[PDB]
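Presented below is the structure to which this report refers.
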Ligand SMILES: CC(C)C(=O)SCCNC(=O)CCNC(=O)[C@H](O)C(C)(C)COP(=O)(O)OP(=O)(O)OC[C@H]1O[C@@H](n2cnc3c(N)ncnc32)[C@H](O)[C@@H]1OP(=O)(O)O
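In PDB author numbering, the protein residues as written are 499 to 693.
Structural data, given as C-alpha cells:
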C-alpha cells in the first residue's frame, strides 16, 4: 500500500474516522484533530485503503519520556518540544470495519520506522489505555496489577498491541483522562526503545 502525511484538507475524514473508532465521550473534537496536524505536520500519517482514510496516527515531538509525568489528556499540547528526544503518539486508530487485517500493526511499525529516520529521536512514547479492564475490575484485580499482567490471565488487547511491537510499560498516570471511566481515569505510559 501507500501512506502519506496528513493534511488540513483531511479534517472532514479524520473526524468521521474519529467518530467510528471511539464513543462520543472519548472522541477528539474537530479543533483538536486540526491542532495535531498543524502543530507537527511531519509527525502525522494517514493510511489509505481504496481511497478512504481508514487509518490515521497523530504524534508530536516532546522533550522526553519523563515529560509525560503527571500529564493530562486535555492539557496535552503544552509538551511540544521540537528539540526533544522522544516522539509522543497522540492517537493510532483504524476503522472498526477493517480491523484485524494487520492494518494497525502497519501504522505503528511505520511511525517506529519514521522515528528511526528522524534525527535526535531516542524513543517513541505515548499514554495508552485498557479496553478490557472493567471485566477484570469485577474479579478484584487492581489496575496497576492488570497493566503488568500480574492477574494471571492474558494481556489487555490494547496494551498487548504496543507490547507486541517491542514496547515496555513506563508507569501509570492516574487522573489522566477522567472521561475514560473504563480505566478509572488513568493512562498507561508505553515506551518504544530505539537504537
Ligand atoms: C497514544 C495513545 C492514544 C495510543 O496508543 S491509542 C490506544 C489504542 N487504541 C484504543 O485503545 C481504542 C480501540 N482501538 C482498537 O482496538 C484498534 O483495533 C487498534 C488498537 C488500533 C488495533 O488495530 P487493528 O485494526 O485491530 O489492526 P492491527 O493492530 O494491525 O492487529 C489486529 C489484531 O491482531 C492482534 N494480534 C496480531 N498479532 C497478535 C499476536 N501474536 N498475538 C495476539 N494478538 C495479535 C492485534 O493485537 C490486534 O488485536 P485487537 O486489538 O484485538 O484487534
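For every residue, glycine included, the Cβ atom is placed at its ideal position computed from N, Cα and C.
(request) Determine, using beta-carbon pairs with one atom in the segment 504-515 and one in the segment 567-583, whether at least three such pairs fall under 8 Å. (result) no
(message) Tell me the rounded alpha-carbon separation between residue 684 and residue 645.
(response) 11 Å
(request) Please indicate yes or no: does the CB of residue 664 lie closer than 8 Å to some heavy atom of ligand 1? (result) Checking every heavy atom of ligand 1 against the Cβ of residue 664, none is found closer than 8 Å.
(request) Give the DSSP-derived three-state secondary structure of residue 542 in the structure shown. (result) strand
(request) For the beta strand (DSSP E) containing residue 550, list its first residue and its last residue. (result) From DSSP, the beta strand (DSSP E) with residue 550 extends over 550-560.
(request) With a 10 Å radius around its C-beta and 16 neighbouring C-beta atoms as the bar for buried, classify residue 516 as buried or exposed. (result) With 16 or more other CB atoms across the displayed protein chains lying within 10 angstroms of its CB, residue 516 is buried.
(request) Determine the burial state of residue 538: buried for a count of at least 16 other Cβ atoms within 10 Å of its Cβ, exposed for fewer. (result) buried
(request) Give, in chain order, every unbroken run of the beta strand (DSSP E) that is at least 3 residues long and sits entirely within the segment 661-693. (result) As far as the segment 661-693 is concerned, its whole beta strand (DSSP E) runs of at least 3 residues are 665-671 and 685-691.
(message) Using a 10 Å radius around the Cβ and a threshold of 16 neighbouring Cβ atoms, would you call residue 549 buried or exposed?
(response) With fewer than 16 other Cβ atoms inside 10 Å of its own Cβ, residue 549 counts as exposed.
(message) Does residue 611 come out as helix, strand or coil in the three-state DSSP assignment?
(response) Helix.
(request) Apply the 10 Å Cβ neighbour rule to residue 725 and answer buried if 16 or more other Cβ atoms are within range, or exposed otherwise. (result) An answer regarding residue 725 cannot be provided, because it is not within the stretch 499 to 693 covered by the chain.
(request) Take the Cβ of residue 623 as the centre, count every other Cβ of all protein chains shown within 10 Å, and call the residue buried at 16 or more, exposed below. (result) buried
(message) By the DSSP assignment, the beta strand (DSSP E) with residue 592 in it spans what residues?
(response) 584-592
(request) Could you tell me if residue 600 is buried or exposed, where buried requires 16 or more neighbouring beta carbons within 10 angstroms of its beta carbon? (result) exposed
(request) Grab me the residues of residue 593's own chain with a C-beta within less than 6 Å of its C-beta, minus the 5 sequence neighbours each way, in chain order. (result) When the five nearest sequence neighbours on each side are left out, the beta carbons in the same chain lying within less than 6 Å of the beta carbon of residue 593 are those of 518 and 552, in order along the chain.
(message) Please identify the residue among 529, 692 and 680 whose C-alpha is closest to the C-alpha of residue 630.
(response) 680
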